[PDB]
Structures are given as C-alpha cells and as structure tokens.
C-alpha cells in the first residue's frame, strides 16, 4: 500500500501550440484536432455534444462560452479526446470561425490541460 504515482504539467518556453483542423465529409461540421503539445480531453472519456440551448454544458467549458460568444453561428460542439467538432449554421462561413477557434484552443491549452472540469 502506497499510492505515490504523480504527473506534472508543462512549463515550456513555447507560447504557441500548433492546432490542426481536418475537413470532414460533413457540410456544417469541422474537426479541430490538437497535434503539437497539449490535447483537449484525456483519452478514455466520451464525445460530449455541447448545445447552445444546453447552457449547463457551456458553463462547464469556458472554451465553449468563448466559441458561442465570438462565433454566433455555432449550433453545437462535440468534445472528443484529441479533437473538437464544431457544428454551425450554413449561413455563417468558416472564414470567420476557424482563426478565432484556433486562437481560443491555443489559449485554453495554455491555461489548463483538460478543456472541461470533468462534468
């Protein structure tokens, strides 16, 4: 008996985290996957769909609050392990949505290693 296992966070000299975004066969959904240093949600969790109507889920994720605030066209999110699937209305284009969300993802991964204080 003696739980002594521990893990420490990253104190780096790299103030930017490269964020990947892959195109899907879907028309209003786009996949943003973290590939550089940090990731959104720890592996072994579920893909949580955060809706603009389901405010309790938004309140859990400061990132979600920033996405719905700065990108008003976003209908819902899906928080995967490594990725985040942004769903928007077809009137609003990714020209405005993507660069803002790349920035917000880099900020979030600089504050905390997990996107959401786990449910």
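A short reminder: the numbers here are calculations on the coordinates, not readings from a lab.
Here are the numbers for this structure:
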item: Between 0 and 90°, nearest 10: helix 94-111 axis offset from the chain longest Cα axis; result: 20
item: Along principal axes, Cα extents of the stretch 13-60, largest first, whole Å; result: 38, 28, 22
item: Kirkwood Rh in Å, taken over the chain so that all alpha-carbon pairs contribute; result: 15.0
item: Among beta bridges that DSSP assigns inside the chain, antiparallel share in %, nearest 5; result: 100
